[PDB]
Amino acid sequence: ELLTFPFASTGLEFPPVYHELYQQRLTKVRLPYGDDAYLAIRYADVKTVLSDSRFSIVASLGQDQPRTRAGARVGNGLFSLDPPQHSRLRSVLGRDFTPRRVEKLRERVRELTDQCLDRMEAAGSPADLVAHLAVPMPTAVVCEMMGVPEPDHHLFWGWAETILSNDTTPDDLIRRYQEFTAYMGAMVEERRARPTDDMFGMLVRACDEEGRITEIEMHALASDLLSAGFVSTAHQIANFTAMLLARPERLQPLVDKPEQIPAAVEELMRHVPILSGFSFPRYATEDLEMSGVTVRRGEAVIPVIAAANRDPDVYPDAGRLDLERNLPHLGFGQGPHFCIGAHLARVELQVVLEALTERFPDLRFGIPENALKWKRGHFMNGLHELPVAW
Ligand code: HEM
Ligand SMILES: CC[C@@H]1C[C@@H]2C[C@@H]3[C@H]4C/C=C\C(=O)NCCC[C@@H]5NC(=O)/C(=C(O)/C=C/[C@@H]4C[C@H](O)[C@H]3[C@@H]2[C@H]1C)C5=O
Ligand code: NA
């Protein structure tokens with residue numbers, strides 16, 4: 001009988017069972033759904049799973065995907081493909097997410113952040129940082145990039161939640177798909193009649209004018225970006241703020257030394273266990289060795305990125321949040337599926353800390369920290385609410 005995964009923990013806890021496993025051979029676990037899998041936890045092994053071509057993201061051998069969600073994760077977008085099919089589809093978005101394009105969005109990201117903090121301050125201390133900033137700012141940023149109007153934001157929140165809830169069924173997923181495809185269908189029509197200079201329009205051109213992708217792939221790319229592109233940073237904005245506010249000096253190191261904000265963001269990315277479960281398993285495509293075990297063809301290995309980011313040999317005193325630490329974390333993944341949004345996410349999180357430190361240097365929890373309400377059945381770790389006071 002096998003060890004169950006994911007492991008017990010609450011909030012942003014990193015549980016001690018990892019300290020035991022780092023010292024042992026690769027371990028097989030049973031998951032909430034699908035087949036058993038091995039647990040890659042060493043930094044080098046997680047990197048291997050995510051970037052070696054002997055690890056496929058596609059269950060091409062009849063596997064039942066190891067997962068935390070009742071309905072298997074399947075579709076026609078970026079997580080459904082290996083190179084080189086993956087690489088050809090991504091390259092349609094590629095140019096829109098390089099550092100040279102994303103650095104152009106700093107001003108806008110700050111403008112929205114400032115508008116969020118204006119409404120939060122207007123509401124009065126103590127106020128929920130989740131509802132006033134973590135949710136609205138990242139939603140606006142990607143919805144404006146794509147071309148979705150503010151009145152429609154709530155629809156994408158709903159669709160993204162269904163993907164990210166562990167009690168979602170195949171039927172729940174069929175409903176999301178029908179709702180979403182209808183909505184994108186309207187957007188595709190609108191832009192065929194009236195083209196626009198946004199990301200929907202870019203995909204509509206790539207489908208219709210240059211024949212680079214098909215309609216199903218244009219829909220899939222849109223779906224991936226609007227599913228991944230804002231619930232992510234939302235959770236992280238509140239997780240990062242909560243980590244800072246739980247330390248005795250709170251925001252003061254970054255008030256005093258604003259230039260260290262990019263480094264803090266990186267350390268927080270390394271430290272925060274953002275996933276409550278785990279991402280896509282990969283499947284070995286030939287027999288290979290990993291941490292003393294022969295992984296046979298077809299068997300699954302889960303890349304545990306939170307465990308990689310606390311590898312005891314890569315990161316001395318890995319549990320310590322040291323905003324000045326300086327090896328590259330796996331918090332945006334690695335290899336082919338490394339986060340297309342990574343630079344946008346860095347920009348959003350940097351800007352948020354700039355805004356928070358410049359405007360509320362004495363930010364503090366607005367409730368006792370033991371009263372913090374951490375989410376329970378979500379794909380990600382985070383707060384239902386984050387009351388802050390100034
Ligand atoms: C703090 C915020 C974020 C974190 C921690 C994060 C983390 C990750 C990680 C670890 C993966 C790889 C998962 C795997 O290989 O199994 C990934 C993939 C992806 N992320 Fe991000 N991400 C964030 C924000 C964003 C944003 C802002 C976008 C906006 C477009 C985005 C879009 C995507 C997409 C489309 C993929 C799939 C890439 C591919 O398969 O080619 N993410 N993210
Ligand atoms: C902040 C953490 C980041 C946020 C990112 C959002 C990512 C999740 C969402 C990413 C894409 C998406 O939802 N695209 C549309 C559906 C297509 C297809 N069908 C599914 O049922 C499915 C998933 O169900 C994916 C779950 C991802 C799993 C992945 O692990 C998450 C990333 C996660 C590691 C599919 O991909
Ligand atoms: Na820095």
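What's counted below: heavy atoms across the whole structure, side chains too, no hydrogens, waters or symmetry copies. Position 1 is the first residue of the sequence; numbering continues from there. Read the numbers this way: they start at 1 and go in the same order the structure lists the ligands and their atoms.
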Query - Structural part of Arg69 in contact with ligand 2, heavy atom criterion under 4.0 angstrom - result: side chain
Query raised in the report: Under 4.0 Å from ligand 2, counting heavy atoms only, is it the side chain of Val74, its backbone, both or neither?
Result: backbone
Query raised in the report: Does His86 approach ligand 1 within less than 4.0 angstrom via side chain, backbone, both or neither, non-hydrogen atoms only?
Result: side chain
**Report entry** ligand 1 contact on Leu50 by region, counting heavy-atom pairs under 4.0 Å
**Finding:** side chain
**Report entry** Contact bool for atom 32 (C) of ligand 2 (protein heavy atom, d < 4.0 Å)
**Finding:** no
**Report entry** Name of the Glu259 atom (N/O/S only) found closest to the Na ion (ligand 3)
**Finding:** O
Report summary line: Candidates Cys339, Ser87, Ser80, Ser227; heavy atom nearest atom 19 (C) of ligand 1 found on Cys339
Query - Closest to atom 9 (C) of ligand 2 (judged by heavy-atom distance), picking from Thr168, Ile163, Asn381 - result: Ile163
Ligand 2 atoms in contact with [X] (distance to a heavy atom under 4.0 Å):
| X | result |
| --- | --- |
| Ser223 | 15 (C) |
| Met380 | 1 (C), 2 (C), 4 (C) |
| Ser279 | 29 (C), 30 (O) |

Query raised in the report: Do you see an N/O/S atom of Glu266, backbone or side chain, under 3.0 Å from the Na ion (ligand 3)?
Result: no
